[PDB]
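Just one chain follows, in the form deposited in one PDB entry, and it is written as C-alpha cells.
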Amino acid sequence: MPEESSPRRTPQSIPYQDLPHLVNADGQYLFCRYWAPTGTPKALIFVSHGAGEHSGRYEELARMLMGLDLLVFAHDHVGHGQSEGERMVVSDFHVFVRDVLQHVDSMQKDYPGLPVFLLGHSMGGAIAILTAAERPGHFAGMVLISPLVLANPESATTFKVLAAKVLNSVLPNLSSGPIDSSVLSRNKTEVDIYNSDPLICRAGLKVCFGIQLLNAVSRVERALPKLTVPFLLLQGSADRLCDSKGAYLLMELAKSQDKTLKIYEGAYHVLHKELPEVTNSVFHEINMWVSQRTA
C-alpha cells in the first residue's frame, strides 16, 4: 500500500496544514494572513510587503483597517517569511504580481461583489502598481508607502554594473552587501526590531534578485500611463532606499483622476514604523483616505 508523504512544512519547519495557506501556479505554498471584522466587510484589502520582510510586520496597520470594517488579507511573497522558495530568489518579478492576483481572485470568490483595495510598501508597492496596471478598473484604490518607483540613484548605478557583469558571465552566487538597517527609520527601536526578527532576510542582496528589482522599476515606468486606479502615496523626503523623485514621477505620470501625495519631511523609508509623530500621521491618513472611499 503506498503512503502519503510527510506533511509539507514552512522553511521554519511548521506544517502548512496548520497554517492559512495558498498554493501558487508553480506549486509553491504561500503562507497567508487574514484579519476579518465581526460584521459584513465593506471591502477587501490586500497588504503587500517589501523585500526581505514578511506579512507579520503589518499587524498594526491590518488591525486598524479591520477596525474600519475591511477584511484585510496578505501572504508572504515567494522566497520570503513563512512561504516556500529559496530566500530572496524569484524567477521573474511577475511571479509576485501573478500570486497577488491569484489570492485576490480566490478571496473575491468567498466575498463576491465587494470592492478590493491594495496596500503596498516599497517592493510591495511596485507589486501593487503592477497588479493594478494589469487589471485596469478592477481595484477600488491603492495605498502606497514609499513604493519602489526609483531606487536610490547610487544603488541603481552599482546594480546596473553588477547586472551587466552577472548577465555576461556565470556567477550564480554574486551578491551585494546587506541593506543598511540604520536608513530604514529614525525610530531606533524599529531598527532594532528589524535586526531581531528571524523571519527577515538580512543577507546581502543577490545580483539575480537585484536584476528583478531593476525589472520592477522598468516595468513600473512603462505601467504609469496605464495606471488609472485611485491612490494615496506616502513618501519620506530623506528616503535612501526608494528615492523621493520616484514618488513625484508617479504623481506626474499616472493617469489616475484621484491621486494624492503626502511628503514626510526628514522621514526615512519605513513610514509606518517611523518616529511616532510620523507613524501616527501615516495611520491617520490611510484611515481617512480608505474611510472616504468605502463609506
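Residue positions are given as counts along the sequence shown, with the first one as 1. Residues that one form lacks are left out of the comparison. We call the rigid core whatever largest set of C-alpha positions still superposes within 1.5 Å between the two forms.
There is another form of this protein, the form deposited in another entry, and it is not shown here; the text below is about that form.
No residue in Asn187, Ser175, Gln212, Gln102 other than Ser175 shows a CA shift of 2 angstroms or more between this form and the one not shown after fitting the rigid core.
Residue displacement note: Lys165 has its CA displaced by at least 2 Å between this form and the one not shown (rigid core superposed). Comparing the conformations between this form and the one not shown, with the rigid core held fixed, yields only the displaced run 162 to 175, spanning 3+ consecutive residues whose C-alpha shift is 2 Å or more.
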